[PDB]
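As a plain string of letters, each chain reads:
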Amino acid sequence: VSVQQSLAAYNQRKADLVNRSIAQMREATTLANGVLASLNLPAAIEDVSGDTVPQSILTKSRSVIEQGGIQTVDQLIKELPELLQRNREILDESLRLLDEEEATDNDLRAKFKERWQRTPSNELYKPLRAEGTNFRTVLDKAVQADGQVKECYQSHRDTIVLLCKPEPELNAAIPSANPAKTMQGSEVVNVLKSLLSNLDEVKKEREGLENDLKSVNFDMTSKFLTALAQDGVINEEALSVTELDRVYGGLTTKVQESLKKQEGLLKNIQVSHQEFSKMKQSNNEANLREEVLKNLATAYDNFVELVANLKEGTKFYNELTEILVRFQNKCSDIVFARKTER
């Protein structure tokens, strides 16, 4: 037993406590924000007009206008059969070269019998014909992909055209009426703002439950020595449990209560959210405004998916240009060399 042998013993445990609470504090904070963004919150009790057009929609509309519009798309669709057929004619001409030598060689071997000491004009052209069959299989998939995407385009063609044109003409399309009559006058809006403001108070209360926990410091060396003197040996584990639980009992309770309160609040708020967005139909005209925006989401995002397949293509044909030339000439080099000997 030396001069000092139980000083750092407590501080290590002090670290293994405060940090534990911080983890079970900040993690809960982020969890709340994630749910709000998923269910369109807290930005769902501010905008009210009906007549004017949305802001997010207005931004997406000008994005399509900025990148041309219906004209940029139509010119890409119309030129697809042009470029697709252009490659097809080169394909048939390349394969004709193989049939060319074979047509002459087959007739030559029949009449002139002295041509059986060399590789026939078939086995040499056999690996090349194997590549040829592969190409048409792609064309079937290329056309099939070309067909289904064109079908998806025409079904939502009117919606694409809708994206262009001036804004006032577009505004007339939007259902000019009150979004929901049961929002103004019913007790449904009132049982919502109060719920959020009560939940918001949790965030502000948590501000106090951070700096306080961080600045925890209380010297208590006298008690450890009391145990050393009275008992004889310092029991670090057993004595700490009885001591720390009593002094930091309410600190944990209020934290657990706040989490339990948040757990309790969120459970009732989620049901209120169901009650909040229940009246989609509402009275007579309300769901229609929602259905309008529903098609646009399936229009703007669909716009990207449709363009993406066009992006897969186009460049697809251009890189084929470098391939088909070396491919076509490769066959000619074999045929010409075969013709040279005789």
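- Its PDB record attributes the structure to X-ray crystallography, giving the resolution as 6.503 Å.

## Some details on the overall build of the chain
Here comes step 1: Helix and strand counts for the chain stand at 13 helices and zero strands.
Here comes step 2: The N-to-C order of helical and strand elements in the chain reads α-α-α-α-α-α-α-α-α-α-α-α-α.
Here comes step 3: The globule rule puts the C-alpha radius of gyration for 342 residues at 20 Å, and the 39 Å found for the chain is more than 25% above it.
Here comes step 4: Judged by the C-alpha coordinates and their principal axes, the chain covers about 125 × 75 × 30 Å.
Here comes step 5: Relative to its 342 residues, the chain shows a buried fraction of 23%.
Here comes step 6: Across the chain, every contact between residues at least 6 apart in sequence was considered, and the portion connecting residues at least 24 apart equals 87%.
Here comes step 7: About 25,000 Å² of surface is accessible on the chain, with carbon and sulfur atoms providing 54% of the total.

## Quick notes on the side chain of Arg206
Here comes step 1: Within the secondary structure, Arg206 sits in helix 8 (residues 190-214).
Here comes step 2: In contact with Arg206, not counting residues within four places along its chain, are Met25, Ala28, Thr29, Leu259 and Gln262.

## Quick word on helix 12 (residues 287-312)
Here comes step 1: Its 26 residues give helix 12 an end-to-end C-alpha distance of 38 Å, which sits within 8% of 38 Å, the value for a rise of 1.5 Å per residue.
Here comes step 2: Most pronounced at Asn302, the bend in helix 12 amounts to some 25°.
Here comes step 3: Along helix 12, the positions that sit buried rather than exposed are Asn287, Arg289, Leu296, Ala299, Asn302, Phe303, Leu306 and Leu310.
Here comes step 4: Those residues of helix 12 that are buried are in contact with helix 2 (55-66), helix 3 (70-78), helix 4 (80-111), helix 5 (126-155) and helix 6 (157-163).
Here comes step 5: Two residues or fewer after helix 12 comes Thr314, characterised by a positive phi angle close to 55°.

## Digging into the layout of surface pockets
Here comes step 1: In this structure, the largest pocket encloses a volume near 1,500 Å³.
Here comes step 2: Together, 32 residues line the largest pocket, and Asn40, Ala44, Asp47, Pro179 and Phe276 are the ones closest to its centre.
Here comes step 3: Broken down by element, the lining of the largest pocket gets its largest block of residues, three residues, from helix 12.
Here comes step 4: Of the residues that constitute the lining of the largest pocket, the class distribution is 16 nonpolar, nine polar and seven charged.

## Looking at the environment of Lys150
Here comes step 1: Summarising the element assignment, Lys150 is placed in helix 5.
Here comes step 2: The class for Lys150 is partly exposed, based on a relative accessible area of 38%.
Here comes step 3: Note: C-alpha distance between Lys150 and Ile77 (73 residues apart in sequence) is 7.9 Å.

## As for the packing of aromatic side chains
Here comes step 1: Tallied over the full model, the rule gives two aromatic pairs.
Here comes step 2: Their ring planes at 70° and their centres at 6.2 Å tell us that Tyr10 and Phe224 sit as a pair that is edge-to-face. Here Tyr10, found in helix 1 (residues 8-38), pairs with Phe224, found in helix 9 (residues 221-230); they are 214 residues apart in sequence, far enough to count as distant. Of the two residues, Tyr10 and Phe224, both sit in the buried class.

## Quick notes on the nonpolar core
Here comes step 1: Grouped together as the largest cluster of nonpolar side chains are ten residues: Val73, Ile77, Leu80, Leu83, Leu84, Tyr153, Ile160, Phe303, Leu310 and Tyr317.
Here comes step 2: Ranked by the residues each element gives to this core, the list is headed by helix 4, at three residues.
Here comes step 3: Those residues in contact with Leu80 that lie beyond four places of it in its chain are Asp146, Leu310 and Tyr317.
Here comes step 4: Formed by eight residues, the second largest nonpolar core is a distinct cluster that contains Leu91, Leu95, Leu128 and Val335.

## So, empty space enclosed by the protein
Here comes step 1: This structure, assessed with the given rule, holds seven cavities of 30 Å³ or more.
Here comes step 2: The calculated volume of the largest cavity comes to roughly 90 Å³.
Here comes step 3: Lining the largest cavity are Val73, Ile77, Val149, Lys150, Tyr153, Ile160, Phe303, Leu306, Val307 and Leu310.
Here comes step 4: Those elements giving two or more residues to the lining of the largest cavity turn out to be helix 3, helix 5 and helix 12.

## A word on the packing of helix 4 against helix 5
Here comes step 1: As a packed pair, helix 4 and helix 5 sit with axes 11 Å apart at the nearest point and diverge in direction by 160°. Considered as vectors, helix 4 and helix 5 are oriented roughly antiparallel to each other. Judged by the twist between their axes, the crossing of helix 4 over helix 5 is left-handed. Residue-level contacts link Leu80, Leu84, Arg88, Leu91, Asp92, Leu95, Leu98, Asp99 and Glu102 of helix 4 to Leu128, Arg129, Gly132, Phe135, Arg136, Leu139, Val143 and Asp146 of helix 5.

## Focus: unusual backbone geometry
Here comes step 1: Cis rather than trans, the peptide bond between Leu41 and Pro42 has omega equal to 0°.
Here comes step 2: Positive phi, close to 65°, is recorded for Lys165, a residue that is not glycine.
Here comes step 3: Mapped onto the fold, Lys165 is located in the loop between helix 6 and helix 7 (167-173).
Here comes step 4: The backbone of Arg342 shows a phi angle near 55°, a positive value even though the residue is not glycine.
Here comes step 5: Its location among the elements puts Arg342 in the segment after helix 13 (315-341).

About the criteria used
Residues numbered from 1 in each chain as written, not as in the entry; some residues may be left out. Heavy atoms only, no water. Helix = DSSP H or I, 4+ residues; strand = E, 2+ residues; numbered from the N terminus. Rg over C-alpha atoms; globule rule 2.2 N^0.38 Å. Buried < 20%, exposed > 50% of the residue type's maximum accessible area, 1.4 Å probe, protein only. Contact = heavy atoms within 4.5 Å. Areas by Shrake-Rupley, 256 points an atom, 1.4 Å probe, with all protein chains shown as cover. Expected span 1.5 Å × (residues − 1). Bend = angle between axes of the 7 residues up to and from the residue. 1 Å grid on protein atoms, 1.4 Å probe; cavity = no way out; pocket = protein on both sides within 12 Å on 5 of 7 lines; lining within 4 Å. Points joined across faces, edges and corners; volume = space filled by probe spheres on them. Nonpolar A, V, L, I, M, F, W, Y, C, P; charged D, E, K, R; others polar. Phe/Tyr/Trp six-rings, centres within 6.5 Å; stacked < 30°, edge-to-face > 60°. Core = buried A, V, L, I, M, F, W, Y, C linked by side-chain atoms within 4.5 Å. Axes fitted to C-alpha atoms, helices over the stretch in contact; angles between N-to-C directions. Parallel < 35°, antiparallel > 145°, perpendicular 65-115°, else oblique. Left-handed = near helix turned anticlockwise from the far one by under 90°.

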